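**Q** Shown below is the structure under consideration.
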Amino acid sequence: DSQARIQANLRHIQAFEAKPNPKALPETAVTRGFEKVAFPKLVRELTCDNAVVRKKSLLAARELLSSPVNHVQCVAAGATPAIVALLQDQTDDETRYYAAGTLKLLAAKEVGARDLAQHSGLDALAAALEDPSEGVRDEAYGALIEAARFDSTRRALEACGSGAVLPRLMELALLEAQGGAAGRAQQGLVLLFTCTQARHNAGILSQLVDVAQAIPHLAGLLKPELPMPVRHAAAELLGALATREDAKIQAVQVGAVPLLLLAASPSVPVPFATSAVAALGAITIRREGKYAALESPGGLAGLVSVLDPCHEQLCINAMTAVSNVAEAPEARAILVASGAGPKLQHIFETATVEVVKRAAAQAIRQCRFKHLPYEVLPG
Amino acid sequence: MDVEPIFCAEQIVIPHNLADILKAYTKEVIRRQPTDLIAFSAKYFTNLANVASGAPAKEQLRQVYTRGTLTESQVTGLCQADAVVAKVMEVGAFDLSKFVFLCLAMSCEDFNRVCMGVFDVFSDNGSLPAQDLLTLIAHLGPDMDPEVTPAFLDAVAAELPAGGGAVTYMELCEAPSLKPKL
Amino acid sequence: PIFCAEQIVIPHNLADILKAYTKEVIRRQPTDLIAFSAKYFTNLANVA
Amino acid sequence: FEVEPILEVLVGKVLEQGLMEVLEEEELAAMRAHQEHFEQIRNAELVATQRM
Amino acid sequence: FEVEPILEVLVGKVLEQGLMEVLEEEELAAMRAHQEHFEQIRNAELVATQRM
Amino acid sequence: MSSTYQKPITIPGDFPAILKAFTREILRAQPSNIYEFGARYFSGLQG
Amino acid sequence: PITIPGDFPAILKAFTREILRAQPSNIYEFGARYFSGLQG
Amino acid sequence: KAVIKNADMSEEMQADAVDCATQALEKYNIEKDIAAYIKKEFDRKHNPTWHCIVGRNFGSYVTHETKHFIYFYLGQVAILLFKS
Amino acid sequence: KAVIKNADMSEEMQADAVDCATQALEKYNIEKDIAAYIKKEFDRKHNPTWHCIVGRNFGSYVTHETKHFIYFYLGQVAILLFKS
């Protein structure tokens, strides 16, 4: 092992070498100062004079906003105004892309969303949604969607200027009308749906339904030609809007009951089926909904085929739709003809989830009644 | 975030985007928690190289999970929606037909198109045996789609030709108890 | 000999209790928060 | 000065999670009580018809 | 010996950043899933109450 | 569901400061049992 | 229980050493070839 | 801010020590890099040999030549510097 | 026990340093005292100049006279011992 020994001794000589000097770093070099020094340094470096420094500091910030502690210290140090100001720069599109991504990372935690709202960041994202670039639009959609997880952000989106959700839906329709870009449309529609689930949604619904005339647009975007996630988002948005009675009336008036039934079959991906049958359960409250479900060529057969103990949300949606439809006089005879009786009996008998068991008992009692006195609920 | 020690010569230059690649690779390793990291990493990097060059392995993993040696199946899949499955079956030429049948079923629109694809893939020339088609249909069975229980299997076997004999597409479309399925 | 930030120990059973604690408050929404909180914590101690 | 961020993080978690849970529990309780009220009305009507 | 320091610092930095990002992403996605699960139950019971 | 089932409930308003102070004290003290420390702390805080 | 695999730091250490030694223009296929070769 | 627990040097040289410590804390992450930056920078100008220790938990016993020594806090780090 | 992270001395000198440190660790509960004890014993044992730093968190850059340097851990505590 002579060669190994000489290599070891030579390496030991090269170890204690008395290095000349730490030559000075270039101006375009970023680093993390020991411990807390980095967070104040970043908010300074985000506002330096040279562009490449600001971009690489944006990357460093995206690194620095992962852990909750670093997020808190970086947002308290005053990062958000710098990031939104960099976003509003229109000279270089790349910086807009990285800034939108950085804001998506920022808005994950509660404090990030609240400070983004306070510093008028939601308005900046709404403006950026129309950026002629392509990746930045996806990043902005993702950032808005991730910010909308909190009710406070939803309310701030409700009343920010005059129209914010309205031009969002307008842009979704515009981009689906020209071309076939489906990711942006689906992201916008799921963002709109997350807005409708705000606790006090009276303003959010009123705006959409009244001014935007969303129902005919969604009925046009429910056709089987469009990609399936687009149909999923449109069906879920209709199901959320249909809480209002005017929404029910207009939905049946434009149609859209056959199209939702077209999505009910035991050969379809679960999320689309769940959304379509939930929207149907909402619509069939109105009389016109029940007779439009009975009038469709393959409606009730599909609705009874959907019933299966697994795929639980789909099963309960189908159960509610059956309970709604079976209130009609003729519909009962069809449902008992299509074997809904034993199917619902099995679903009630073998299940243990309480909410679906209650839906099953209600559906069974709803399917076997012919007189106004109502028998006691099964079980 | 640049990483630059005080004493490091210019002879060693870090390529840009190395940090991001190792970022992603480490995240996937942490998520998956594999038992053999070396072959896992080989498979991962082959996957990403193929994907960037020009979605085999995501679909392969989904099909393997749906089904409920594997390296060879993954390699065959990554080197190839019915023509590709047929090519994979031909390169297999034979836990090797159940995977192909499940991958054809999951991509199918309905039961009729599923049966047409089964006839196309399980045997060429436009026709296959009658016990093989029955076994391929029973492969779905419970937990995949209802109305495929053993009773319907026996009924369809009775309505079909003999086991040795061949069953075409038209001879199966008009068979008893199979028209209700379509 | 604590000398670094990460040295501070966050107990496993802390946050859950705290959430339960705020639950009770946001159920009653009282005005004498200190008195009710003292009563509640003393109850939990004496029963545990 | 060093324990402040940990306090902020844990307190934010506790507040938002507890508030969300209490709102949702209350909302479901109200809806299910409404449904039970309607069912009680229906049962009383059944009893009246049986009495007649 | 000229590549030892860069190697060691980069390896550790990448591993730590990856673990922190994975934990944060898992928590956020899981919270989103809980919110979605509550949102669907709420809507179903709303439909039932409207029918009654 | 706009207002009929959704009853407005909001944080008592002066709870954040109390909770933050309690969290600071529980972190610094590091006791064996959290319940006992909380009981004694709030009892002393009241009077 | 989300931990780093017990053997991963050394493997990533070696991979970093080799990729910094070779200086490739395609890290993905480099990893493919490296890991395939080490596997055998 | 600089809380100079124990210094044996002149005012200007102390101020330059604090400035170099600030630059080292701003530019480098790990401890030995900061120590080497301080030591090499004070080798470059002041006098040819220097010794530095940056940390959070330590107290040395040295033999410094008079007119050159500092032991002071910057941020949350203790920096000990002396020629010998 | 004792692990020598870095050494630049003869085996006998390193063994003597480890022995000095472990002997110090059974008398002094304050760390400056360990530094003082080690510095005195290598002061009288060898050529009079020496330097010692002890702690649980520190990073250094010391110019040390050739053939004389060590950096090793006892228990949980690191010791850096060198000569100018």
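Residue numbering restarts at 1 for every chain of the structure tokens, chains are lettered A, B, ... in their displayed order, and ligands are numbered from 1 as they appear.
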Quick one: superpose chain D onto chain E using all C-alpha atoms paired in order, least squares, and give it to me as a PDB file with N, CA and C atoms, in the first residue's frame.

**A**
```
ATOM      1  N   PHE D   1     -10.222  15.771  -3.577  1.00  0.00           N
ATOM      2  CA  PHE D   1      -9.937  16.344  -2.268  1.00  0.00           C
ATOM      3  C   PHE D   1     -10.279  17.825  -2.196  1.00  0.00           C
ATOM      4  N   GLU D   2     -10.266  18.525  -3.328  1.00  0.00           N
ATOM      5  CA  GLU D   2     -10.616  19.937  -3.338  1.00  0.00           C
ATOM      6  C   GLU D   2     -12.071  20.181  -3.710  1.00  0.00           C
ATOM      7  N   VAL D   3     -12.686  19.285  -4.489  1.00  0.00           N
ATOM      8  CA  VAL D   3     -14.091  19.459  -4.850  1.00  0.00           C
ATOM      9  C   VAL D   3     -15.028  18.947  -3.769  1.00  0.00           C
ATOM     10  N   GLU D   4     -14.508  18.239  -2.765  1.00  0.00           N
ATOM     11  CA  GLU D   4     -15.378  17.699  -1.720  1.00  0.00           C
ATOM     12  C   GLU D   4     -16.208  18.755  -0.991  1.00  0.00           C
ATOM     13  N   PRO D   5     -15.644  19.864  -0.488  1.00  0.00           N
ATOM     14  CA  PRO D   5     -16.491  20.821   0.251  1.00  0.00           C
ATOM     15  C   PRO D   5     -17.602  21.436  -0.583  1.00  0.00           C
ATOM     16  N   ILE D   6     -17.344  21.721  -1.861  1.00  0.00           N
ATOM     17  CA  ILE D   6     -18.383  22.272  -2.728  1.00  0.00           C
ATOM     18  C   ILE D   6     -19.527  21.277  -2.875  1.00  0.00           C
ATOM     19  N   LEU D   7     -19.185  20.004  -3.079  1.00  0.00           N
ATOM     20  CA  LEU D   7     -20.190  18.952  -3.146  1.00  0.00           C
ATOM     21  C   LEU D   7     -21.012  18.909  -1.871  1.00  0.00           C
ATOM     22  N   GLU D   8     -20.339  18.921  -0.719  1.00  0.00           N
ATOM     23  CA  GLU D   8     -21.047  18.848   0.552  1.00  0.00           C
ATOM     24  C   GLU D   8     -22.029  20.004   0.697  1.00  0.00           C
ATOM     25  N   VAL D   9     -21.585  21.219   0.367  1.00  0.00           N
ATOM     26  CA  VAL D   9     -22.438  22.397   0.527  1.00  0.00           C
ATOM     27  C   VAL D   9     -23.662  22.301  -0.376  1.00  0.00           C
ATOM     28  N   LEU D  10     -23.439  22.037  -1.666  1.00  0.00           N
ATOM     29  CA  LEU D  10     -24.556  22.027  -2.604  1.00  0.00           C
ATOM     30  C   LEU D  10     -25.539  20.909  -2.273  1.00  0.00           C
ATOM     31  N   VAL D  11     -25.024  19.740  -1.884  1.00  0.00           N
ATOM     32  CA  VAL D  11     -25.891  18.615  -1.555  1.00  0.00           C
ATOM     33  C   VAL D  11     -26.711  18.906  -0.305  1.00  0.00           C
ATOM     34  N   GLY D  12     -26.097  19.506   0.717  1.00  0.00           N
ATOM     35  CA  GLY D  12     -26.868  19.893   1.888  1.00  0.00           C
ATOM     36  C   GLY D  12     -27.988  20.856   1.544  1.00  0.00           C
ATOM     37  N   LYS D  13     -27.668  21.888   0.759  1.00  0.00           N
ATOM     38  CA  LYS D  13     -28.702  22.830   0.343  1.00  0.00           C
ATOM     39  C   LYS D  13     -29.866  22.093  -0.309  1.00  0.00           C
ATOM     40  N   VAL D  14     -29.557  21.249  -1.297  1.00  0.00           N
ATOM     41  CA  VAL D  14     -30.612  20.588  -2.061  1.00  0.00           C
ATOM     42  C   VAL D  14     -31.465  19.709  -1.153  1.00  0.00           C
ATOM     43  N   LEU D  15     -30.824  18.882  -0.319  1.00  0.00           N
ATOM     44  CA  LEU D  15     -31.579  17.956   0.526  1.00  0.00           C
ATOM     45  C   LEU D  15     -32.509  18.688   1.483  1.00  0.00           C
ATOM     46  N   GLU D  16     -31.959  19.564   2.330  1.00  0.00           N
ATOM     47  CA  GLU D  16     -32.826  20.216   3.308  1.00  0.00           C
ATOM     48  C   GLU D  16     -33.922  21.048   2.647  1.00  0.00           C
ATOM     49  N   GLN D  17     -33.601  21.793   1.582  1.00  0.00           N
ATOM     50  CA  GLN D  17     -34.640  22.615   0.971  1.00  0.00           C
ATOM     51  C   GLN D  17     -35.740  21.762   0.346  1.00  0.00           C
ATOM     52  N   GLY D  18     -35.367  20.709  -0.390  1.00  0.00           N
ATOM     53  CA  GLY D  18     -36.375  19.858  -0.998  1.00  0.00           C
ATOM     54  C   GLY D  18     -37.256  19.174   0.027  1.00  0.00           C
ATOM     55  N   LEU D  19     -36.651  18.672   1.107  1.00  0.00           N
ATOM     56  CA  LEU D  19     -37.432  17.997   2.138  1.00  0.00           C
ATOM     57  C   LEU D  19     -38.422  18.956   2.788  1.00  0.00           C
ATOM     58  N   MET D  20     -37.962  20.163   3.138  1.00  0.00           N
ATOM     59  CA  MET D  20     -38.870  21.124   3.755  1.00  0.00           C
ATOM     60  C   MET D  20     -40.025  21.459   2.821  1.00  0.00           C
ATOM     61  N   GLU D  21     -39.723  21.703   1.543  1.00  0.00           N
ATOM     62  CA  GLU D  21     -40.778  22.059   0.600  1.00  0.00           C
ATOM     63  C   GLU D  21     -41.804  20.942   0.464  1.00  0.00           C
ATOM     64  N   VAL D  22     -41.345  19.689   0.370  1.00  0.00           N
ATOM     65  CA  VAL D  22     -42.293  18.593   0.185  1.00  0.00           C
ATOM     66  C   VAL D  22     -43.178  18.432   1.417  1.00  0.00           C
ATOM     67  N   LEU D  23     -42.597  18.529   2.620  1.00  0.00           N
ATOM     68  CA  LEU D  23     -43.419  18.429   3.824  1.00  0.00           C
ATOM     69  C   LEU D  23     -44.491  19.510   3.855  1.00  0.00           C
ATOM     70  N   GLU D  24     -44.115  20.755   3.556  1.00  0.00           N
ATOM     71  CA  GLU D  24     -45.090  21.829   3.717  1.00  0.00           C
ATOM     72  C   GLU D  24     -46.185  21.748   2.655  1.00  0.00           C
ATOM     73  N   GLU D  25     -45.812  21.417   1.415  1.00  0.00           N
ATOM     74  CA  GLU D  25     -46.814  21.241   0.367  1.00  0.00           C
ATOM     75  C   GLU D  25     -47.809  20.152   0.746  1.00  0.00           C
ATOM     76  N   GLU D  26     -47.305  19.013   1.230  1.00  0.00           N
ATOM     77  CA  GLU D  26     -48.198  17.930   1.627  1.00  0.00           C
ATOM     78  C   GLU D  26     -49.138  18.368   2.743  1.00  0.00           C
ATOM     79  N   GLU D  27     -48.611  19.096   3.730  1.00  0.00           N
ATOM     80  CA  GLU D  27     -49.404  19.459   4.901  1.00  0.00           C
ATOM     81  C   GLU D  27     -50.559  20.383   4.509  1.00  0.00           C
ATOM     82  N   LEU D  28     -50.264  21.408   3.697  1.00  0.00           N
ATOM     83  CA  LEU D  28     -51.333  22.284   3.212  1.00  0.00           C
ATOM     84  C   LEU D  28     -52.340  21.528   2.353  1.00  0.00           C
ATOM     85  N   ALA D  29     -51.863  20.615   1.500  1.00  0.00           N
ATOM     86  CA  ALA D  29     -52.788  19.858   0.663  1.00  0.00           C
ATOM     87  C   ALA D  29     -53.761  19.057   1.512  1.00  0.00           C
ATOM     88  N   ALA D  30     -53.257  18.406   2.561  1.00  0.00           N
ATOM     89  CA  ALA D  30     -54.128  17.627   3.433  1.00  0.00           C
ATOM     90  C   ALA D  30     -55.179  18.511   4.094  1.00  0.00           C
ATOM     91  N   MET D  31     -54.759  19.662   4.626  1.00  0.00           N
ATOM     92  CA  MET D  31     -55.717  20.523   5.319  1.00  0.00           C
ATOM     93  C   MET D  31     -56.802  21.029   4.374  1.00  0.00           C
ATOM     94  N   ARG D  32     -56.404  21.442   3.169  1.00  0.00           N
ATOM     95  CA  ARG D  32     -57.381  21.982   2.234  1.00  0.00           C
ATOM     96  C   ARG D  32     -58.325  20.892   1.735  1.00  0.00           C
ATOM     97  N   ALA D  33     -57.831  19.657   1.588  1.00  0.00           N
ATOM     98  CA  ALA D  33     -58.718  18.549   1.245  1.00  0.00           C
ATOM     99  C   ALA D  33     -59.741  18.295   2.345  1.00  0.00           C
ATOM    100  N   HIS D  34     -59.320  18.383   3.608  1.00  0.00           N
ATOM    101  CA  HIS D  34     -60.263  18.232   4.717  1.00  0.00           C
ATOM    102  C   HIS D  34     -61.363  19.291   4.655  1.00  0.00           C
ATOM    103  N   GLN D  35     -60.970  20.547   4.435  1.00  0.00           N
ATOM    104  CA  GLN D  35     -61.963  21.616   4.341  1.00  0.00           C
ATOM    105  C   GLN D  35     -62.917  21.382   3.177  1.00  0.00           C
ATOM    106  N   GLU D  36     -62.390  20.929   2.038  1.00  0.00           N
ATOM    107  CA  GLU D  36     -63.249  20.656   0.890  1.00  0.00           C
ATOM    108  C   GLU D  36     -64.227  19.529   1.193  1.00  0.00           C
ATOM    109  N   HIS D  37     -63.787  18.525   1.951  1.00  0.00           N
ATOM    110  CA  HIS D  37     -64.682  17.444   2.356  1.00  0.00           C
ATOM    111  C   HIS D  37     -65.856  17.977   3.171  1.00  0.00           C
ATOM    112  N   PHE D  38     -65.565  18.834   4.154  1.00  0.00           N
ATOM    113  CA  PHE D  38     -66.650  19.404   4.955  1.00  0.00           C
ATOM    114  C   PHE D  38     -67.595  20.241   4.096  1.00  0.00           C
ATOM    115  N   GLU D  39     -67.040  21.029   3.174  1.00  0.00           N
ATOM    116  CA  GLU D  39     -67.884  21.826   2.290  1.00  0.00           C
ATOM    117  C   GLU D  39     -68.773  20.937   1.426  1.00  0.00           C
ATOM    118  N   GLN D  40     -68.244  19.798   0.973  1.00  0.00           N
ATOM    119  CA  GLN D  40     -69.044  18.874   0.178  1.00  0.00           C
ATOM    120  C   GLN D  40     -70.208  18.319   0.987  1.00  0.00           C
ATOM    121  N   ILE D  41     -69.954  17.969   2.250  1.00  0.00           N
ATOM    122  CA  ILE D  41     -71.041  17.519   3.122  1.00  0.00           C
ATOM    123  C   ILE D  41     -72.126  18.587   3.211  1.00  0.00           C
ATOM    124  N   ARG D  42     -71.712  19.836   3.431  1.00  0.00           N
ATOM    125  CA  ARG D  42     -72.681  20.918   3.587  1.00  0.00           C
ATOM    126  C   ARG D  42     -73.504  21.114   2.318  1.00  0.00           C
ATOM    127  N   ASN D  43     -72.855  21.034   1.157  1.00  0.00           N
ATOM    128  CA  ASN D  43     -73.573  21.183  -0.106  1.00  0.00           C
ATOM    129  C   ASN D  43     -74.589  20.062  -0.303  1.00  0.00           C
ATOM    130  N   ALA D  44     -74.212  18.827   0.038  1.00  0.00           N
ATOM    131  CA  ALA D  44     -75.159  17.719  -0.078  1.00  0.00           C
ATOM    132  C   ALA D  44     -76.374  17.936   0.818  1.00  0.00           C
ATOM    133  N   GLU D  45     -76.146  18.412   2.045  1.00  0.00           N
ATOM    134  CA  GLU D  45     -77.265  18.682   2.948  1.00  0.00           C
ATOM    135  C   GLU D  45     -78.183  19.765   2.384  1.00  0.00           C
ATOM    136  N   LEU D  46     -77.595  20.815   1.806  1.00  0.00           N
ATOM    137  CA  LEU D  46     -78.397  21.845   1.151  1.00  0.00           C
ATOM    138  C   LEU D  46     -79.270  21.248   0.056  1.00  0.00           C
ATOM    139  N   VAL D  47     -78.688  20.377  -0.771  1.00  0.00           N
ATOM    140  CA  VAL D  47     -79.444  19.790  -1.874  1.00  0.00           C
ATOM    141  C   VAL D  47     -80.605  18.959  -1.343  1.00  0.00           C
ATOM    142  N   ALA D  48     -80.376  18.223  -0.252  1.00  0.00           N
ATOM    143  CA  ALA D  48     -81.452  17.425   0.334  1.00  0.00           C
ATOM    144  C   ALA D  48     -82.604  18.307   0.812  1.00  0.00           C
ATOM    145  N   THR D  49     -82.279  19.404   1.502  1.00  0.00           N
ATOM    146  CA  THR D  49     -83.334  20.298   1.979  1.00  0.00           C
ATOM    147  C   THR D  49     -84.124  20.894   0.819  1.00  0.00           C
ATOM    148  N   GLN D  50     -83.424  21.308  -0.238  1.00  0.00           N
ATOM    149  CA  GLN D  50     -84.110  21.838  -1.412  1.00  0.00           C
ATOM    150  C   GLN D  50     -85.030  20.792  -2.033  1.00  0.00           C
ATOM    151  N   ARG D  51     -84.584  19.532  -2.067  1.00  0.00           N
ATOM    152  CA  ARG D  51     -85.414  18.462  -2.610  1.00  0.00           C
ATOM    153  C   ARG D  51     -86.700  18.295  -1.809  1.00  0.00           C
ATOM    154  N   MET D  52     -86.599  18.317  -0.478  1.00  0.00           N
ATOM    155  CA  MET D  52     -87.804  18.174   0.341  1.00  0.00           C
ATOM    156  C   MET D  52     -88.772  19.334   0.119  1.00  0.00           C
TER     157      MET D  52
END
```

**Q** Any idea which chain A residues end up within 12 Å of chain I if we count only C-alpha atoms, as a list in words please?

**A**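 Written out as asked, the residues are residues 9, 12, 13, 15, 16, 17, 18 and 19 of chain A.
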
**Q** Report as a PyMOL selection string: the residues of region 155-333 of chain A with a DSSP assignment of alpha helix (DSSP H), based on the backbone of this structure.

**A** chain A and resi 155-158+165-177+182-196+202-206+214-220+228-241+245-254+257-261+270-283+287-295+299-306+312-325+331-333

**Q** Up to 12 Å from chain A, what residues of chain F turn up? Count only C-alpha atoms and give them as a list in words.

**A** residues 1, 2, 3, 4, 5, 6, 7, 8 and 9 of chain F

**Q** Keeping only N, CA, C and O atoms, write the selected residues as a PDB file, in the first residue's frame.

**A**
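Output file selection.pdb is given in full below:
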```
ATOM      1  N   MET F   1     -78.650  29.201   1.521  1.00  0.00           N
ATOM      2  CA  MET F   1     -77.722  29.034   2.632  1.00  0.00           C
ATOM      3  C   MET F   1     -77.013  30.342   2.942  1.00  0.00           C
ATOM      4  O   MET F   1     -76.116  30.380   3.783  1.00  0.00           O
ATOM      5  N   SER F   2     -77.419  31.406   2.246  1.00  0.00           N
ATOM      6  CA  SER F   2     -76.712  32.680   2.347  1.00  0.00           C
ATOM      7  C   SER F   2     -76.650  33.171   3.788  1.00  0.00           C
ATOM      8  O   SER F   2     -75.576  33.517   4.291  1.00  0.00           O
ATOM      9  N   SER F   3     -77.791  33.205   4.470  1.00  0.00           N
ATOM     10  CA  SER F   3     -77.834  33.664   5.849  1.00  0.00           C
ATOM     11  C   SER F   3     -78.708  32.820   6.763  1.00  0.00           C
ATOM     12  O   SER F   3     -78.611  32.974   7.985  1.00  0.00           O
ATOM     13  N   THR F   4     -79.556  31.944   6.222  1.00  0.00           N
ATOM     14  CA  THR F   4     -80.512  31.230   7.061  1.00  0.00           C
ATOM     15  C   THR F   4     -79.818  30.217   7.966  1.00  0.00           C
ATOM     16  O   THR F   4     -80.200  30.049   9.130  1.00  0.00           O
ATOM     17  N   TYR F   5     -78.795  29.529   7.457  1.00  0.00           N
ATOM     18  CA  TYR F   5     -78.095  28.522   8.244  1.00  0.00           C
ATOM     19  C   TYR F   5     -76.733  28.983   8.741  1.00  0.00           C
ATOM     20  O   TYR F   5     -76.182  28.359   9.654  1.00  0.00           O
ATOM     21  N   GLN F   6     -76.176  30.050   8.179  1.00  0.00           N
ATOM     22  CA  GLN F   6     -74.835  30.507   8.519  1.00  0.00           C
ATOM     23  C   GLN F   6     -74.928  31.615   9.558  1.00  0.00           C
ATOM     24  O   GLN F   6     -75.234  32.764   9.222  1.00  0.00           O
ATOM     25  N   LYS F   7     -74.654  31.269  10.815  1.00  0.00           N
ATOM     26  CA  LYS F   7     -74.706  32.212  11.922  1.00  0.00           C
ATOM     27  C   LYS F   7     -73.346  32.871  12.084  1.00  0.00           C
ATOM     28  O   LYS F   7     -72.348  32.164  12.289  1.00  0.00           O
ATOM     29  N   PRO F   8     -73.251  34.197  11.997  1.00  0.00           N
ATOM     30  CA  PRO F   8     -71.939  34.857  12.096  1.00  0.00           C
ATOM     31  C   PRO F   8     -71.311  34.666  13.468  1.00  0.00           C
ATOM     32  O   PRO F   8     -71.837  35.130  14.483  1.00  0.00           O
ATOM     33  N   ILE F   9     -70.176  33.970  13.491  1.00  0.00           N
ATOM     34  CA  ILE F   9     -69.379  33.775  14.696  1.00  0.00           C
ATOM     35  C   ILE F   9     -67.965  34.257  14.406  1.00  0.00           C
ATOM     36  O   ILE F   9     -67.407  33.948  13.347  1.00  0.00           O
TER      37      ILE F   9
END
```

**Q** Can you work out the spacing between CA of residue 219 (chain A) and CA of residue 242 (chain A) in Å, to one decimal?

**A**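 Computed distance, CA of residue 219 (chain A) to CA of residue 242 (chain A), equals 12.5 Å.
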
**Q** Contacts of residue 22 (chain G) at 12 Å or less, counting only C-alpha atoms, minus same-chain residues fewer than 4 places along, as a ChimeraX atom specification?

**A** /B:12-15 /G:15-18,26-27,30-31,34

**Q** Write a file of the selected residues as a PDB file, in the first residue's frame, keeping C-alpha atoms.

**A**
```
ATOM      1  CA  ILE B  12     -14.826  23.716 -10.913  1.00  0.00           C
ATOM      2  CA  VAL B  13     -17.927  25.400 -12.348  1.00  0.00           C
ATOM      3  CA  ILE B  14     -21.397  24.280 -11.253  1.00  0.00           C
ATOM      4  CA  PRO B  15     -23.752  24.019 -14.255  1.00  0.00           C
TER       5      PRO B  15
ATOM      6  CA  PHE G  15     -23.601  11.367  -7.749  1.00  0.00           C
ATOM      7  CA  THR G  16     -22.664  15.012  -7.167  1.00  0.00           C
ATOM      8  CA  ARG G  17     -18.974  14.107  -7.229  1.00  0.00           C
ATOM      9  CA  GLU G  18     -19.308  12.306 -10.559  1.00  0.00           C
ATOM     10  CA  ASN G  26     -27.685  16.398 -20.103  1.00  0.00           C
ATOM     11  CA  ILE G  27     -28.047  15.523 -16.423  1.00  0.00           C
ATOM     12  CA  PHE G  30     -26.211  11.045 -17.348  1.00  0.00           C
ATOM     13  CA  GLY G  31     -28.079   9.853 -14.279  1.00  0.00           C
ATOM     14  CA  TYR G  34     -24.632   6.207 -14.172  1.00  0.00           C
TER      15      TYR G  34
END
```
